[PDB]
Amino acid sequence: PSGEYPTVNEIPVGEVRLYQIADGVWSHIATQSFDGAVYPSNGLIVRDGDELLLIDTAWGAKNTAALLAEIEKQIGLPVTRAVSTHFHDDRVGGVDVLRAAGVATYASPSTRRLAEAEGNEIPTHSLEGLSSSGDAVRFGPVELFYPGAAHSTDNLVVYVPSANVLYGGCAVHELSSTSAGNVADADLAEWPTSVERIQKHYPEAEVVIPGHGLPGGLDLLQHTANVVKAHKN
Ligand SMILES: CCOc1cncc(C)c1-c1c(C(=O)O)[nH]c2c(C(C)C)cccc12
Ligand SMILES: [Zn+2]
Ligand SMILES: [Zn+2]
């Protein structure tokens, strides 16, 4: 990639790439196959003093092991905590690897129940205070925000106040998206309302990072609403 945002075509098989978003903020990018198609996915890394906070796995056990190695190579600070932003395997697949590497894993109770029911890996610790739309809590160097049902009923977004970075996860799509992605667990009717809540809560966001694909600015929020409305119809 040589400084461009990593895509499947520039991540070697089985590997992970990092991308510097801001001072003390990186995204991580990996590739996975699902139902015979290949997808990229993102997560976040936020410096937390002399430790790191991880947001989301790298979509799979081996990808997540590779993520930890890439962090060691590129950053060299220990990952001590991880938050998963909803229950799908692109968010929790790799939690068992994290837990065996000494990382304390967290998710909302809603995510943990959904992951358990689905047969996905289950974060250890429950994040209370996020059950009502509009709720926010602090977690190390980030704020966690529950915008309401969107891509999933449990989806969380993450804001990094020091950098004005909004990590939307899978509730937010990249600008090139033409479709609403994997809508199996989505609430298409509520999704625009949930995006509006994000827009209202984080009007100073400078970088918006989707769950899959390229970061951009605030326009990703309105684009997401547009694509979801067009899909539903
Ligand atoms: C079925 C079509 O899904 C898509 C289509 N286009 C783009 C994306 C990113 C997806 C996609 C998303 C997402 O939209 O977040 N999540 C996925 C998962 C989870 C459940 C692990 C698996 C397979 C594909 C996706
Ligand atoms: Zn998902
Ligand atoms: Zn996703």
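Don't worry about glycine lacking a Cβ; one is built from the backbone with ideal geometry, like all the others, and counts go over all protein chains shown. Computed from the coordinates by the stated procedures, all read-outs in this text should not be read as laboratory data.
Running a GNM on the chain with Cα contacts under 10 Å, which residue among 182, 164, 42 ends up with the highest mean-square fluctuation?
182
At a temperature of 25 °C and a viscosity of 0.890 mPa s, determine how fast region 119-206 diffuses translationally according to Stokes-Einstein, using the Kirkwood radius over alpha-carbon pairs as Rh; express D in µm²/s, rounded to the nearest whole number. Provide the component values of the computation, followed by the final result.
On the way: Rh = 13.8 Å.
D, rounded to a whole number, is 178 µm²/s.
Where the centroid of each part is defined by its Cα atoms, how far is region 179-233 from region 84-127 in Å?
Value for the Cα centre distance between the two parts: 23 Å.
Grab the Cα-Cα distance for residue 10 and residue 100, subtract it from 0.36 nm times how many residues apart they are, and report the gain in nm with one decimal. Please list the in-between numbers first.
On the way: separation 90, 0.36 × 90 = 32.40 nm, distance 2.89 nm.
Taking 0.36 nm per residue and subtracting the Cα distance, the gain is 29.5 nm.
For the chain, set up a Gaussian network in which alpha carbons nearer than 10 Å are linked by springs, and say which option among 78, 203, 123 fluctuates the most.
So, out of 78, 203, 123, the one fluctuating most is 203.
Counting only other residues whose beta carbon sits under 14 Å from that of residue 134, what net charge do I get with K and R as +1, D and E as -1? Display every interim value, and only then the final one.
Working: positive: 197, 200; negative: 135, 143, 190, 196.
Local charge sum for residue 134: -2.
Mind checking which of 189, 100, 37 has the largest fluctuation in a GNM of the chain, springs on alpha carbons under 10 Å?
Ranking 189, 100, 37 by mean-square fluctuation puts 37 first.
Can you give the Rg/Rh ratio of region 8-232, where Rg is from the C-alpha atoms and Rh is the Kirkwood radius? The partial results should precede the final answer.
Details: Rg = 15.7 Å, Rh = 17.0 Å.
On the Cα set of region 8-232, Rg over Rh gives 0.92.
For a Förster distance of 22 Å, can you work out the FRET efficiency between the beta-carbons of residue 72 and residue 128, rounded to the nearest 0.05? It would help to have the intermediate numbers written out before the result.
Working: r = 32 Å, r/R0 = 1.44.
For residue 72 and residue 128, the calculated efficiency is 0.10.
Full extension from residue 2 to residue 37: what is 0.36 nm times the residue separation minus their Cα-Cα distance, to one decimal in nm? Mind dumping the intermediate values first?
Details: separation 35, 0.36 × 35 = 12.60 nm, distance 2.57 nm.
So the chain would gain 10.0 nm between residue 2 and residue 37.
For a distance above 15 Å, tell me the whole-number percent of Cα pairs in region 68-124 that qualify.
Numbers: 722 of 1596 pairs.
So the pairs more than 15 Å apart make up 45 percent of the total in region 68-124.
Could you work out the local net charge near residue 79, counting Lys and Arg as +1, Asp and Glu as -1, over the other residues with Cβ closer than 10 Å to its Cβ? Before the final figure, lay out the partial values.
Working: positive: 81; negative: 48, 51, 72.
That works out to -2.
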